[PDB]
Amino acid sequence: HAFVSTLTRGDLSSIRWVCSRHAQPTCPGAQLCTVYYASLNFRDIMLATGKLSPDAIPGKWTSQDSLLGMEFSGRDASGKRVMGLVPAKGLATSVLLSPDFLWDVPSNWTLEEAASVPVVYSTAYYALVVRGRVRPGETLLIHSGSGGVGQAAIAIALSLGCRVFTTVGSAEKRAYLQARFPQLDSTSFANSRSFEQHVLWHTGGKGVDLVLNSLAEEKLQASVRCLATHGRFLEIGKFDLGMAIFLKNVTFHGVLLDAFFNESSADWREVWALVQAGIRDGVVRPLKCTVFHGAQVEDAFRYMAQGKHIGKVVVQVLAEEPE
Amino acid sequence: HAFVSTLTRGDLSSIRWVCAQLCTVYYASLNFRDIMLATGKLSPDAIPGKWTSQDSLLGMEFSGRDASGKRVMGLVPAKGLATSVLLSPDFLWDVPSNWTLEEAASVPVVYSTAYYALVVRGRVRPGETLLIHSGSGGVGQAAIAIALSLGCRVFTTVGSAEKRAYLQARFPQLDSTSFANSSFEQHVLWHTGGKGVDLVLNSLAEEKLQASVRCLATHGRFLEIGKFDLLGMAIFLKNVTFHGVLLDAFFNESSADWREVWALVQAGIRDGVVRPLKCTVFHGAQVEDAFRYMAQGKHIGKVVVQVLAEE
Ligand SMILES: Oc1cc(Cl)ccc1Oc1ccc(Cl)cc1Cl
Ligand SMILES: [Cl-]
Ligand SMILES: [Cl-]
Ligand SMILES: [Cl-]
Ligand SMILES: [Cl-]
Ligand code: NA
């Protein structure tokens, strides 16, 4: 067994593979999977650079545990291709996890790209459907549309018949989204020319019903101004109060999946089912992947941290075998 | 027709009387917003709706009689502190026989607010637990009444022993464990088995947000009533939902949504859940005294201005 860990806490240059046989659990509640690809998420960057303490992550961890890695694709003990969510420790040669957090990988998918799906789509479905309760014909404002969760949210929003507005960091990102999502038109892109004025003008002065991730971009105040009454804010936890909030009867939803691995495990399969149905119906599409050899894991992190990429940064722990 | 107005904006000493369904106002209650307006801490431009510079917005609720003489109580978007109000019948309730008009004037705002916050927004369920800050406050008392009627366990913080004593006497269903600050987070955590509470009401007003999060259950909800005189990772890890609440929208763009709240209040009256607050009454001529006393915030229940004595 081997996992990725920073030698000295907070130093990304000290990152390396620590090597060392984990037993197969008999009980149906736990399962040992072989990791082929492990995706990087922003939290992994926060942990490795020391901006985030592992003591902050919920669960039962020891002082020697490395929590790097939140999602993977690979094979179960029987050799079936799977992808899954893990509370931590995804960046390893094998993962021990509950089968409740596994999905089968569609035959037309590569293992490589399947690794990009679990976190962003589980997060987007939980936020929009379970928490946001999106309804057809409602309007959404998705900040950072080309970002991982943004892309998932756009795909889900459009599938449920919702009208989508988004903000993006660049023309390239705008161009990418327009091509990936032909249902979008030029009016969908709110920050190409302020975004709140744009939204108001294309919502009959009424504003949008839901806003996703305004805090990450520091666009909350502006977002309230183009929010409809009884609007809902959806904000995914990132480890880094005007009167309008009350007059408009605004609701704020703080969102993270960590609880589903713990005290909220009884409510997880609702989210699991949403992802599964989305896969079946073609809504859930793998993101674009930039792949690094596991031996270049440090390079993957530094590349990820720059945040200039589109899609997912994936680490190849074990190359998928030829068919 | 006459209404209360500050002749000079922001000078409470200059306050005086100035000489859909039309109702005669017998009693007009004061709310903190009225104080904010009268003392100039709040601009009338901040209050939604179509008002003119000549309007006085003082007064949010009343009791009296409609045109046909039937005793009523109601919510108004503004202009409640007057000899008459013009309003949609959607914002009127019949006054029960056992109530005086005096005390009926204490009901509309706090119970409409409490029902909308706890039931419509909070979606409180039987067997869930609530932390109600400032339990002796108007909305707090309404919230406690509603929570107990729905089979919820109530925790509350109070400013003094008198307030506890009043609440304990007003609500015999409460016990010693209901009063969390006789630290509340430690008290709450111990009496919820470390699970925390499902709902918290008005932590911001009391400056108890951080501590309230610490004794909040996963998927817990914060309910916060707007006040014009106003983020750890736990917020996200616990999947917290925050509800900002005010009734103003119901008079305007959310009029279609109002009936649910109206019916909740009416039903609460029917089931005897809705009980009038204690009232401290001032004659209309001492309207200034009423404002200054209200501003002291030492009272328990409602401050009410008698515009016209009940026959
Ligand atoms: O004070 C808060 C308390 C909680 Cl539990 C959650 C969010 C809070 O602050 C907010 C409330 C509403 C909106 Cl739309 C945005 C923000 Cl940042
Ligand atoms: Cl993070
Ligand atoms: Cl599309
Ligand atoms: Cl005014
Ligand atoms: Cl009682
Ligand atoms: Na106020």
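To find a chain, count down the sequence lines: A is the first, B the second, and so on, and within it residues start at 1. Keep in mind that the numbers below use all heavy atoms, side chains included, and drop hydrogens, waters and symmetry copies.
For A:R269, the CZ atom is densely surrounded, since the number of other residues' heavy atoms within 6.0 Å is greater than 12.
Within the model, atoms NE2 of A:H253 and CZ of B:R221 stand 11.0 Å from one another, a figure rounded to the nearest 0.5 Å. Separation of atoms CG (A:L257) and CZ (B:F236) is listed at 13.5 Å; rounding is to 0.5 Å. Here the OG1 atom belonging to B:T218 is positioned 11.5 Å from the CG atom belonging to A:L256, to the nearest 0.5 angstrom. The structure places CG of A:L241 at 9.0 Å from CD of B:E224, a figure rounded to the nearest 0.5 Å. B:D248 CG to A:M243 CE: the interatomic distance, rounded to the nearest 0.5 Å, is 11.0 Å.
No option in B:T241, B:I235, B:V240 other than B:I235 meets the side chain to side chain contact (heavy atoms under 4.5 Å, CB included) test with A:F252.
Counting all heavy atoms, side chain and backbone alike, B:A46 lies closest to A:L247 at O-CD1, 4.0 Å.
Taking the six-membered ring for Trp and thresholds of 30 and 60 degrees, B:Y116 and A:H230 have ring planes more than 60 degrees apart, a perpendicular arrangement.
Interface residue A:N249: backbone and side-chain heavy atoms are both found under 4.5 Å from chain B.
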